[PDB]
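First comes the structure, then the notes that go with it.
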Amino acid sequence: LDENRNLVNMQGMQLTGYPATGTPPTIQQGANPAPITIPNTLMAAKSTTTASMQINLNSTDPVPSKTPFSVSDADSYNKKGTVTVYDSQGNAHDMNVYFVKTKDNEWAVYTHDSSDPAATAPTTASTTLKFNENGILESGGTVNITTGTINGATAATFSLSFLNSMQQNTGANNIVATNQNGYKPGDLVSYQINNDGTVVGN
Amino acid sequence: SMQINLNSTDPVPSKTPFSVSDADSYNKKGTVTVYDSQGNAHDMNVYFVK
Amino acid sequence: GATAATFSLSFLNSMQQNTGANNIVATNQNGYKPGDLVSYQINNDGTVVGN
Amino acid sequence: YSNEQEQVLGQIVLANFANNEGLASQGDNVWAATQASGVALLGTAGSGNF
C-alpha cells in the first residue's frame with residue numbers, strides 16, 4: 001500500500017484493474033481499466049428490503065384451545081419466529097412472527113415489533129396461508145411489513161417471504177433458514193486476495 | 001403386502017355378528033400403518049374371521 | 001383436510017397350515033413420513049447415499 | 001488501595017498505520033512514521049482495527 005491507500009508495486013507504480021461501481025459495488029468486465037484503491041471510509045447501513053424465512057409446519061397440530069389471540073400467552077400462538085431487520089439509521093428490529101393454526105390447512109400470520117416502545121400489540125390477522133393437498137405452499141407468501149420509527153428515523157418497509165415452506169408433519173415446528181438484506185455500518189479491518197483476482201475486505 | 005398364518009383347526013367364532021370391541025367377534029386382529037400425502041399416520045385394523 | 005390414502009393390500013404367499021398359533025411374520029408399507037437428513041455416506045460401489 | 005478503592009490513571013494508546021513497511025527503524029527497536037506510512041491514527045485496544 002501507500003499513503004493514498006493504493007495497491008502499488010515495490011518500485012512505486014500504481015496497479016490497475018477493473019473498477020468497481022454500483023450499490024452494492026460489483027465488478028465490471030466492460031469498463032476501461034483504472035487504478036485499484038482500498039478505501040478506508042466507513043460504509044453506511046442499508047435498509048432491509050427483502051427478508052425470507054423457511055418454517056416447517058405440523059399437520060397434526062391441534063387448534064389452540066383459546067379462541068381469542070393473545071400476545072402475552074404462549075399457548076395463544078402455535079409458533080414464534082424472531083427476525084433481525086435493519087433500518088436506514090442502524091437500529092435493529094427484532095420482528096416477531098406468530099403462526100396460529102385456526103383450522104385445517106389454514107394458518108394465520110401475525111407481525112409484531114419488540115424494539116419499539118410505542119408499537120401496537122397485534123390483534124387482527126395480517127397474513128392468510130393455505131397449503132396444497134400435499135402441504136405445498138401455493139400463494140400469499142409475500143407480505144409488506146413496516147416497522148416502527150425510533151430515534152426520529154423513518155420506518156423500514158420491506159417484503160417478508162415464507163416461500164419454500166411446507167406443512168408436512170415433521171414432529172415439531174422448526175425454522176431452517178432465515179435471511180435478510182440489511183447490515184449495520186462497519187469499519188475497515190483487513191483485505192484478502194482470492195484466486196479470481198477479486199479483493200475482498202472484511 | 002403382508003403375510004399371516006391361518007390356523008386350519010381354529011373353529012368359527014361363537015358370535016356370528018361382527019363387532020368392533022368384542023374379542024369373540026373375530027378370530028384375529030392386526031394393524032397396518034400407512035402414510036398419506038400430508039404425512040399423517042393412518043392405522044387400519046384388519047380383522048380375520050371364519 | 002388431507003385426502004385419505006387409497007392403497008392396495010396384498011396377502012400373497014400366505015400359509016394356511018396349522019402352525020399352533022397365528023402370528024405376524026411379514027408386514028410392510030410403501031408410504032414413508034418425511035425424515036430429516038441424519039447423515040450421508042459412501043459405500044464400496046462408488047455411490048453416495050443419504051440416510 | 002488499602003481501603004478497597006480502585007483508581008484509573010489512564011489508558012495505553014495504540015496507533016495503526018495505513019501502510020506498514022514505511023516505518024523506518026531508528027536505532028533501538030522503535031519505528032518512526034514518515035511519508036507513505038500514514039499518520040499514527042491513535043485508537044484503543046478494545047475493538048476495531050486494534
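By convention here, the chains of the C-alpha cells are called A, B, ... in the order presented, each chain's residues are numbered starting at 1, and ligands are numbered starting at 1 in the order presented.
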
Checklist line | Interface list for chain A, partner chain B, 8 Å threshold, only C-alpha atoms, as number ranges by chain | finding: A: 59-60, 133-135, 167-169

Next item on the list: Using only C-alpha atoms, determine which residues lie at most 12 Å from residue 199 of chain A, disregarding the query and same-chain residues fewer than 3 positions distant; provide the list as a VMD selection string.
Entry: chain A and resid 7 17 to 20 26 to 27 36 to 39 190 to 196 202

Notebook entry, point to check: Pick from A:97, A:6, A:52, A:43: nearest to residue 23 of chain A, with only C-alpha atoms counted?
Noted result: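 Ranked by minimum distance to residue 23 of chain A, first place goes to A:43.
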
Note to self: Taking the DSSP secondary structure from the backbone, can you list the residues of chain A that are strand (DSSP E), as a ChimeraX atom specification?
What the structure shows: /A:16-17,20-21,26-27,34-35,50-56,79-86,92-103,106-113,127-131,137-139,142-146,157-161,174-179,191-193,199-201

Residues of chain C within 12 Å of chain A, using only C-alpha atoms, as a PDB file with N, CA and C atoms, in the first residue's frame?
```
ATOM      1  N   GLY C   1     -58.114 -32.150   6.845  1.00  0.00           N
ATOM      2  CA  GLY C   1     -58.252 -31.721   5.468  1.00  0.00           C
ATOM      3  C   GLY C   1     -57.333 -32.420   4.495  1.00  0.00           C
ATOM      4  N   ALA C   2     -56.882 -33.627   4.823  1.00  0.00           N
ATOM      5  CA  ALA C   2     -55.982 -34.395   3.977  1.00  0.00           C
ATOM      6  C   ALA C   2     -56.723 -35.582   3.380  1.00  0.00           C
ATOM      7  N   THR C   3     -56.543 -35.788   2.077  1.00  0.00           N
ATOM      8  CA  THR C   3     -57.197 -36.900   1.404  1.00  0.00           C
ATOM      9  C   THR C   3     -56.670 -38.229   1.932  1.00  0.00           C
ATOM     10  N   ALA C   4     -57.575 -39.192   2.076  1.00  0.00           N
ATOM     11  CA  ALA C   4     -57.220 -40.490   2.625  1.00  0.00           C
ATOM     12  C   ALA C   4     -56.291 -41.248   1.684  1.00  0.00           C
ATOM     13  N   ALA C   5     -55.455 -42.103   2.268  1.00  0.00           N
ATOM     14  CA  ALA C   5     -54.537 -42.926   1.490  1.00  0.00           C
ATOM     15  C   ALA C   5     -55.291 -44.120   0.919  1.00  0.00           C
ATOM     16  N   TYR C  32     -43.889 -43.453   3.382  1.00  0.00           N
ATOM     17  CA  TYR C  32     -42.862 -43.011   4.316  1.00  0.00           C
ATOM     18  C   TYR C  32     -43.142 -41.580   4.752  1.00  0.00           C
ATOM     19  N   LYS C  33     -42.982 -41.320   6.048  1.00  0.00           N
ATOM     20  CA  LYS C  33     -43.088 -39.973   6.580  1.00  0.00           C
ATOM     21  C   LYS C  33     -41.816 -39.185   6.269  1.00  0.00           C
ATOM     22  N   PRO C  34     -41.911 -37.860   6.170  1.00  0.00           N
ATOM     23  CA  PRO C  34     -40.705 -37.055   5.913  1.00  0.00           C
ATOM     24  C   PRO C  34     -39.740 -37.117   7.087  1.00  0.00           C
ATOM     25  N   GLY C  35     -38.524 -37.562   6.807  1.00  0.00           N
ATOM     26  CA  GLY C  35     -37.493 -37.708   7.826  1.00  0.00           C
ATOM     27  C   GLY C  35     -36.325 -36.782   7.554  1.00  0.00           C
ATOM     28  N   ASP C  36     -35.723 -36.274   8.625  1.00  0.00           N
ATOM     29  CA  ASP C  36     -34.617 -35.339   8.495  1.00  0.00           C
ATOM     30  C   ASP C  36     -33.332 -36.065   8.105  1.00  0.00           C
TER      31      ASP C  36
END
```

Item checked: Who sits within 9 Å of residue 13 of chain B, only C-alpha atoms, same chain under 6 positions skipped, as a list in words ->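 Non-adjacent residues within range: residues 24, 25, 26, 27, 49 and 50 of chain B.
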
Notebook entry, point to check: Interatomic distance between atom CA of residue 143 of chain A and atom CA of residue 127 of chain A?
Noted result: 7.2 Å

Margin query: Just want the 8 Å neighbourhood of segment 6-9 of chain C, counted on only C-alpha atoms, with same-chain residues fewer than 2 positions away dropped. Output as a list in words.
Written below: residues 1 and 2 of chain B; 4 and 11 of chain C

Item checked: residue 50 of chain C surroundings by only C-alpha atoms, 8 Å radius, close-in-sequence under 6 positions cut, as a ChimeraX atom specification -> /C:37-41

Can those selected residues be exported to a file as a short mmCIF file (atom, residue, chain, number, x, y, z; two decimals), in the first residue's frame so that it contains C-alpha atoms?
```cif
data_model
loop_
_atom_site.label_atom_id
_atom_site.label_comp_id
_atom_site.auth_asym_id
_atom_site.auth_seq_id
_atom_site.Cartn_x
_atom_site.Cartn_y
_atom_site.Cartn_z
CA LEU C 37 -31.19 -35.88 6.92
CA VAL C 38 -29.26 -37.62 9.69
CA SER C 39 -26.02 -38.04 7.71
CA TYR C 40 -24.54 -39.25 4.42
CA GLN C 41 -22.10 -41.97 3.41
#
```

Next item on the list: Could you give me, as a ChimeraX atom specification, the residues within 12 Å of segment 20-31 of chain D, counting only C-alpha atoms and dropping anything in the same chain fewer than 2 positions from it?
Entry: /A:1-3,5,10 /D:15-18,33-40

May I have the residues from that selection written out with N, CA and C atoms, as a CSV table (one decimal), in the first residue's frame?
```csv
chain,number,residue,atom,x,y,z
A,1,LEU,N,0.8,-1.2,0.0
A,1,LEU,CA,0.0,0.0,0.0
A,1,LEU,C,0.9,1.2,0.0
A,2,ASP,N,0.2,2.4,0.1
A,2,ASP,CA,0.9,3.7,0.2
A,2,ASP,C,0.1,4.6,1.0
A,3,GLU,N,0.5,5.9,1.0
A,3,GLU,CA,-0.2,7.0,1.7
A,3,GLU,C,-1.6,7.1,1.3
A,5,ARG,N,-3.5,4.8,0.1
A,5,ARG,CA,-4.3,3.5,0.2
A,5,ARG,C,-4.5,2.9,-1.2
A,10,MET,N,6.5,-2.6,-5.6
A,10,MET,CA,7.6,-2.2,-4.7
A,10,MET,C,8.4,-1.0,-5.2
D,15,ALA,N,-1.6,2.8,18.0
D,15,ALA,CA,-1.5,3.5,16.7
D,15,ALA,C,-1.4,2.5,15.6
D,16,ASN,N,-2.3,2.6,14.6
D,16,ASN,CA,-2.3,1.8,13.5
D,16,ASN,C,-2.0,2.6,12.2
D,17,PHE,N,-1.1,2.1,11.4
D,17,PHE,CA,-0.7,2.9,10.2
D,17,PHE,C,-1.4,2.3,9.0
D,18,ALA,N,-1.8,3.3,8.1
D,18,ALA,CA,-2.5,2.9,6.9
D,18,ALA,C,-1.6,2.0,6.0
D,33,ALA,N,7.3,7.1,12.0
D,33,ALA,CA,6.4,7.3,10.9
D,33,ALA,C,7.0,8.4,10.0
D,34,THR,N,6.6,8.3,8.7
D,34,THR,CA,7.0,9.3,7.7
D,34,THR,C,6.1,9.2,6.5
D,35,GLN,N,6.5,9.7,5.3
D,35,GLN,CA,5.7,9.6,4.1
D,35,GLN,C,5.5,8.1,3.8
D,36,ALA,N,4.4,7.8,3.1
D,36,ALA,CA,4.0,6.5,2.7
D,36,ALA,C,3.8,5.6,3.9
D,37,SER,N,3.7,6.1,5.1
D,37,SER,CA,3.4,5.3,6.3
D,37,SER,C,2.2,5.8,7.0
D,38,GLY,N,1.6,6.9,6.6
D,38,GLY,CA,0.4,7.4,7.2
D,38,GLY,C,0.6,8.1,8.5
D,39,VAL,N,-0.5,8.7,9.0
D,39,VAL,CA,-0.5,9.3,10.4
D,39,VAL,C,-0.6,8.2,11.4
D,40,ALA,N,-0.4,8.5,12.6
D,40,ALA,CA,-0.4,7.5,13.7
D,40,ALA,C,-1.8,6.8,13.8
```

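Between atom CA of residue 121 of chain A and atom CA of residue 182 of chain A there is a distance of 24.6 Å.
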
Per residue of chain C within 7 Å of chain B, what are the shortest atom pair and its distance in Å to one decimal, counting only C-alpha atoms, with rows by chain and residue number, as JSON lines?
```
{"residue": "C:2", "atom": "CA", "partner": "B:38", "partner_atom": "CA", "distance": 6.4}
{"residue": "C:4", "atom": "CA", "partner": "B:36", "partner_atom": "CA", "distance": 6.3}
{"residue": "C:5", "atom": "CA", "partner": "B:36", "partner_atom": "CA", "distance": 5.0}
{"residue": "C:9", "atom": "CA", "partner": "B:1", "partner_atom": "CA", "distance": 5.6}
{"residue": "C:10", "atom": "CA", "partner": "B:1", "partner_atom": "CA", "distance": 4.6}
{"residue": "C:11", "atom": "CA", "partner": "B:2", "partner_atom": "CA", "distance": 5.4}
{"residue": "C:13", "atom": "CA", "partner": "B:3", "partner_atom": "CA", "distance": 6.8}
{"residue": "C:14", "atom": "CA", "partner": "B:3", "partner_atom": "CA", "distance": 5.4}
{"residue": "C:15", "atom": "CA", "partner": "B:5", "partner_atom": "CA", "distance": 4.8}
{"residue": "C:16", "atom": "CA", "partner": "B:6", "partner_atom": "CA", "distance": 4.5}
{"residue": "C:17", "atom": "CA", "partner": "B:8", "partner_atom": "CA", "distance": 5.8}
{"residue": "C:18", "atom": "CA", "partner": "B:7", "partner_atom": "CA", "distance": 4.6}
{"residue": "C:19", "atom": "CA", "partner": "B:7", "partner_atom": "CA", "distance": 6.4}
{"residue": "C:20", "atom": "CA", "partner": "B:7", "partner_atom": "CA", "distance": 6.9}
{"residue": "C:21", "atom": "CA", "partner": "B:7", "partner_atom": "CA", "distance": 6.7}
{"residue": "C:22", "atom": "CA", "partner": "B:5", "partner_atom": "CA", "distance": 5.4}
{"residue": "C:23", "atom": "CA", "partner": "B:5", "partner_atom": "CA", "distance": 6.3}
{"residue": "C:24", "atom": "CA", "partner": "B:4", "partner_atom": "CA", "distance": 5.6}
{"residue": "C:25", "atom": "CA", "partner": "B:3", "partner_atom": "CA", "distance": 6.4}
{"residue": "C:26", "atom": "CA", "partner": "B:3", "partner_atom": "CA", "distance": 5.2}
{"residue": "C:27", "atom": "CA", "partner": "B:2", "partner_atom": "CA", "distance": 4.4}
{"residue": "C:28", "atom": "CA", "partner": "B:1", "partner_atom": "CA", "distance": 6.1}
{"residue": "C:29", "atom": "CA", "partner": "B:34", "partner_atom": "CA", "distance": 6.4}
{"residue": "C:31", "atom": "CA", "partner": "B:35", "partner_atom": "CA", "distance": 5.0}
{"residue": "C:32", "atom": "CA", "partner": "B:35", "partner_atom": "CA", "distance": 6.2}
{"residue": "C:33", "atom": "CA", "partner": "B:39", "partner_atom": "CA", "distance": 5.2}
{"residue": "C:34", "atom": "CA", "partner": "B:39", "partner_atom": "CA", "distance": 6.9}
```

Prev. selection, N, CA, C and O atoms, output as an mmCIF file, in the first residue's frame:
```cif
data_model
loop_
_atom_site.group_PDB
_atom_site.id
_atom_site.type_symbol
_atom_site.label_atom_id
_atom_site.label_comp_id
_atom_site.auth_asym_id
_atom_site.auth_seq_id
_atom_site.Cartn_x
_atom_site.Cartn_y
_atom_site.Cartn_z
ATOM 1 N N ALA C 2 -56.882 -33.627 4.823
ATOM 2 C CA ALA C 2 -55.982 -34.395 3.977
ATOM 3 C C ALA C 2 -56.723 -35.582 3.380
ATOM 4 O O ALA C 2 -57.445 -36.293 4.085
ATOM 5 N N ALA C 4 -57.575 -39.192 2.076
ATOM 6 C CA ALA C 4 -57.220 -40.490 2.625
ATOM 7 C C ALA C 4 -56.291 -41.248 1.684
ATOM 8 O O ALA C 4 -56.323 -41.071 0.463
ATOM 9 N N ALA C 5 -55.455 -42.103 2.268
ATOM 10 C CA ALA C 5 -54.537 -42.926 1.490
ATOM 11 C C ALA C 5 -55.291 -44.120 0.919
ATOM 12 O O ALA C 5 -55.716 -45.012 1.662
ATOM 13 N N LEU C 9 -53.880 -53.616 -0.611
ATOM 14 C CA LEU C 9 -53.311 -54.556 0.344
ATOM 15 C C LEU C 9 -53.305 -55.958 -0.252
ATOM 16 O O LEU C 9 -54.313 -56.410 -0.806
ATOM 17 N N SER C 10 -52.169 -56.638 -0.132
ATOM 18 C CA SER C 10 -51.987 -57.967 -0.693
ATOM 19 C C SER C 10 -51.637 -58.963 0.405
ATOM 20 O O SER C 10 -50.876 -58.652 1.331
ATOM 21 N N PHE C 11 -52.227 -60.155 0.302
ATOM 22 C CA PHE C 11 -51.957 -61.275 1.195
ATOM 23 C C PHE C 11 -51.272 -62.421 0.457
ATOM 24 O O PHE C 11 -51.408 -63.585 0.844
ATOM 25 N N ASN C 13 -48.732 -65.182 -0.988
ATOM 26 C CA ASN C 13 -47.828 -66.101 -0.293
ATOM 27 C C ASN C 13 -48.200 -66.206 1.188
ATOM 28 O O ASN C 13 -47.433 -65.852 2.085
ATOM 29 N N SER C 14 -49.411 -66.703 1.425
ATOM 30 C CA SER C 14 -49.950 -66.878 2.764
ATOM 31 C C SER C 14 -49.981 -68.358 3.119
ATOM 32 O O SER C 14 -50.146 -69.214 2.244
ATOM 33 N N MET C 15 -49.821 -68.654 4.405
ATOM 34 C CA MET C 15 -49.801 -70.019 4.908
ATOM 35 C C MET C 15 -51.103 -70.310 5.639
ATOM 36 O O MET C 15 -51.533 -69.522 6.488
ATOM 37 N N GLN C 16 -51.729 -71.438 5.306
ATOM 38 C CA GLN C 16 -52.978 -71.854 5.926
ATOM 39 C C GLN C 16 -52.822 -73.105 6.781
ATOM 40 O O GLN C 16 -53.755 -73.468 7.506
ATOM 41 N N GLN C 17 -51.667 -73.764 6.730
ATOM 42 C CA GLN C 17 -51.449 -74.957 7.534
ATOM 43 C C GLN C 17 -51.407 -74.609 9.018
ATOM 44 O O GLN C 17 -51.066 -73.490 9.409
ATOM 45 N N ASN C 18 -51.768 -75.585 9.847
ATOM 46 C CA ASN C 18 -51.785 -75.382 11.290
ATOM 47 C C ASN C 18 -50.363 -75.204 11.808
ATOM 48 O O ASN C 18 -49.532 -76.111 11.688
ATOM 49 N N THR C 19 -50.084 -74.033 12.383
ATOM 50 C CA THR C 19 -48.783 -73.736 12.971
ATOM 51 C C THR C 19 -48.885 -73.474 14.470
ATOM 52 O O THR C 19 -47.995 -72.847 15.051
ATOM 53 N N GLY C 20 -49.955 -73.945 15.108
ATOM 54 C CA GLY C 20 -50.144 -73.742 16.530
ATOM 55 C C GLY C 20 -50.904 -72.474 16.859
ATOM 56 O O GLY C 20 -52.066 -72.529 17.274
ATOM 57 N N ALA C 21 -50.260 -71.322 16.676
ATOM 58 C CA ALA C 21 -50.885 -70.036 16.941
ATOM 59 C C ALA C 21 -50.597 -69.089 15.787
ATOM 60 O O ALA C 21 -49.516 -69.116 15.195
ATOM 61 N N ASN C 22 -51.580 -68.247 15.476
ATOM 62 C CA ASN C 22 -51.434 -67.276 14.401
ATOM 63 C C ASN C 22 -50.528 -66.135 14.842
ATOM 64 O O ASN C 22 -50.694 -65.573 15.929
ATOM 65 N N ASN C 23 -49.566 -65.793 13.989
ATOM 66 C CA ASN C 23 -48.605 -64.748 14.308
ATOM 67 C C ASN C 23 -48.266 -63.971 13.045
ATOM 68 O O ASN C 23 -48.414 -64.468 11.925
ATOM 69 N N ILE C 24 -47.810 -62.739 13.242
ATOM 70 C CA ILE C 24 -47.403 -61.872 12.144
ATOM 71 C C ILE C 24 -45.910 -62.063 11.911
ATOM 72 O O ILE C 24 -45.102 -61.877 12.827
ATOM 73 N N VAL C 25 -45.544 -62.437 10.687
ATOM 74 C CA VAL C 25 -44.156 -62.691 10.328
ATOM 75 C C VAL C 25 -43.650 -61.759 9.239
ATOM 76 O O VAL C 25 -42.440 -61.708 8.999
ATOM 77 N N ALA C 26 -44.535 -61.019 8.573
ATOM 78 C CA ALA C 26 -44.117 -60.129 7.497
ATOM 79 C C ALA C 26 -45.179 -59.061 7.291
ATOM 80 O O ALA C 26 -46.316 -59.378 6.931
ATOM 81 N N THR C 27 -44.801 -57.803 7.511
ATOM 82 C CA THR C 27 -45.689 -56.676 7.274
ATOM 83 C C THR C 27 -44.848 -55.475 6.867
ATOM 84 O O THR C 27 -43.759 -55.264 7.406
ATOM 85 N N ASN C 28 -45.355 -54.700 5.911
ATOM 86 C CA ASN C 28 -44.612 -53.567 5.379
ATOM 87 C C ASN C 28 -45.582 -52.605 4.708
ATOM 88 O O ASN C 28 -46.765 -52.904 4.527
ATOM 89 N N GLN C 29 -45.058 -51.438 4.341
ATOM 90 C CA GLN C 29 -45.828 -50.423 3.637
ATOM 91 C C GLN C 29 -44.888 -49.633 2.740
ATOM 92 O O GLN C 29 -43.675 -49.591 2.963
ATOM 93 N N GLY C 31 -45.468 -46.310 2.105
ATOM 94 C CA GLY C 31 -45.580 -44.909 2.465
ATOM 95 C C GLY C 31 -44.598 -44.564 3.569
ATOM 96 O O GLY C 31 -44.483 -45.287 4.561
ATOM 97 N N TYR C 32 -43.889 -43.453 3.382
ATOM 98 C CA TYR C 32 -42.862 -43.011 4.316
ATOM 99 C C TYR C 32 -43.142 -41.580 4.752
ATOM 100 O O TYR C 32 -43.502 -40.733 3.929
ATOM 101 N N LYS C 33 -42.982 -41.320 6.048
ATOM 102 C CA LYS C 33 -43.088 -39.973 6.580
ATOM 103 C C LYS C 33 -41.816 -39.185 6.269
ATOM 104 O O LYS C 33 -40.742 -39.770 6.106
ATOM 105 N N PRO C 34 -41.911 -37.860 6.170
ATOM 106 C CA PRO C 34 -40.705 -37.055 5.913
ATOM 107 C C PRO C 34 -39.740 -37.117 7.087
ATOM 108 O O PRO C 34 -40.085 -36.768 8.219
#
```

Notebook entry, point to check: Of the candidates D:48, D:11, D:32, D:6, which shows the shortest atom-to-atom distance to chain A, using only C-alpha atoms?
Noted result: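 Of D:48, D:11, D:32, D:6, the one nearest chain A, counting only C-alpha atoms, is D:48.
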